[PDB]
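As a starting point, one isolated chain is supplied in structure tokens, in the form deposited in one PDB entry.
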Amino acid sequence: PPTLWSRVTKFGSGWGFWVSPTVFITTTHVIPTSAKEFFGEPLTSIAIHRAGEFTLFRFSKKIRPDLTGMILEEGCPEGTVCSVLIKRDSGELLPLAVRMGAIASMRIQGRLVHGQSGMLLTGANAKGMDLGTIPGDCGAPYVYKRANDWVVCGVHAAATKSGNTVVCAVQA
């Protein structure tokens, strides 16, 4: 089968995720502000649903017919351990464990972001090791396994200078 990783796609100034052959999710601030098409489809062909830092695209034709439809939910229960599926331009894949907390407005580097808080579980200083997020990672999905089902519950919106604290933007 197609891996979860084949769904994570370079987009704008960051990334997005294919939920199904017709549905693509991303972080609002990475989307280009000058465009007549995305993925070769005209904008008149695309339904755009924006809710703060969460955006969903629905295409009128099958862009990724190789995929099956996944479960998309509005965040997850408090204490759920998600994986943020980070791709880097080196060709590195960095799945990082994050403990999910409450939906809130949080001050992240002097700016207000609304979404689900999370705390990285990869430990202290991460030195120069592949253990934390960087600005170019915005749009990377949050996913977890529930019985036999993969669930996607939002997209990477922001992170503190420190690391430890991240914000997952959610569907509303």
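We number the residues from 1 along the sequence you see. In this text, the rigid core denotes the largest set of C-alpha atoms whose superposition between the two forms falls within 1.5 Å.
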State which stretch shows the higher mean Cα B factor in the entry: 25 to 33 or 43 to 51.
-> 43 to 51
Comparing 12 to 20 with 154 to 162, which stretch shows the greater average C-alpha B-factor in the deposited entry?
-> 154 to 162
Using the entry's values, work out which of 118, 110, 115, 141 has the largest Cα B factor.
-> 110
Entry record, C-alpha B-factors for 63, 124, 103, 67; the maximum is at 124
Residue 4's Cα B-factor: lowest, middle or highest third of the chain?
-> middle
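The next section is about a form of this same protein that is not shown, the form solved in complex with a small molecule.
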Is residue 23 close to the small molecule in the bound PDB entry, meaning a heavy atom pair under 4.5 Å apart or at it?
-> yes
Report whether the minimum heavy atom distance between residue 19 and the small molecule in the bound PDB entry is within 4.5 Å.
-> yes
Does residue 56 make contact with the small molecule in the bound PDB entry, using a 4.5 Å heavy atom cut-off?
-> yes
Does the small molecule come within 4.5 Å of any heavy atom of residue 42 in the bound PDB entry?
-> no
Overlay on the rigid core first, then point out the one of 32, 65, 135, 128 whose CA is displaced 2 Å or more between this form and the one not shown.
-> 128
